[PDB]
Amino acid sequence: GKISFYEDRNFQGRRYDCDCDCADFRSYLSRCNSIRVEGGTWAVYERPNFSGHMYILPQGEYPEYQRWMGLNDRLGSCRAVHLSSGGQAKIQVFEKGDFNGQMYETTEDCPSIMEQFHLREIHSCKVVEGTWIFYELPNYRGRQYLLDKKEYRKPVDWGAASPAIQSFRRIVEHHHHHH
């Protein structure tokens, strides 16, 4: 289980490897233009100490930041995501803060919450089973937020300065099926 960050594209230039969580790789890489992910899923963060914009990267090779939907080459920390490989995931999303208002429960992915639930925003939520990613825009675009199993009374609790979410999906661990 290892994530390798590279300063230049196509796995060239200075490299920093992480086995688990690293709160600050700024002193080793000035920027990150390609990433190799082996044996797990990571959340990578724009700033040190798990702050700023985040991106989720399943196992794979990412030769340019666009391959992880990155806005730019600024990354400074990462943490391993502890994921299921299977089993139902279930989330409850609320119209209002602190679990007030209408509640919507689903086990399925949602590419447009406006269309499915007539919600513009998610003000609180409970992840009942599994792991989910929230996205600012419809169809799994825009800023991302990782929600593992626990309760989230307000958007701050999933790292957001806004309840503006329009899509969400389950994530499970991606494994190759070797012969």
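Numbers follow the displayed sequence, beginning with 1.
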- Message: I need to verify one thing: averaged over C-alpha atoms only, is the B-factor higher for 25-33 or for 133-141?
- Response: 25-33
- Of the two stretches 13-21 and 161-169, which shows the higher Cα B-factor on average in the entry? 13-21
- Task: Going by the CA temperature factor in the entry, name the top one among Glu115, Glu121, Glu46, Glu64.
- Result: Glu115
- Sort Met103, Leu75, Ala80, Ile91 by C-alpha B-factor from the entry and give me just the highest. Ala80
- B-factor third for the C-alpha atom of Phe50 within its chain: highest
- Message: Quick check on the deposited entry: does the C-alpha B-factor of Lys149 sit in the lowest, middle or highest third of its chain?
- Response: highest
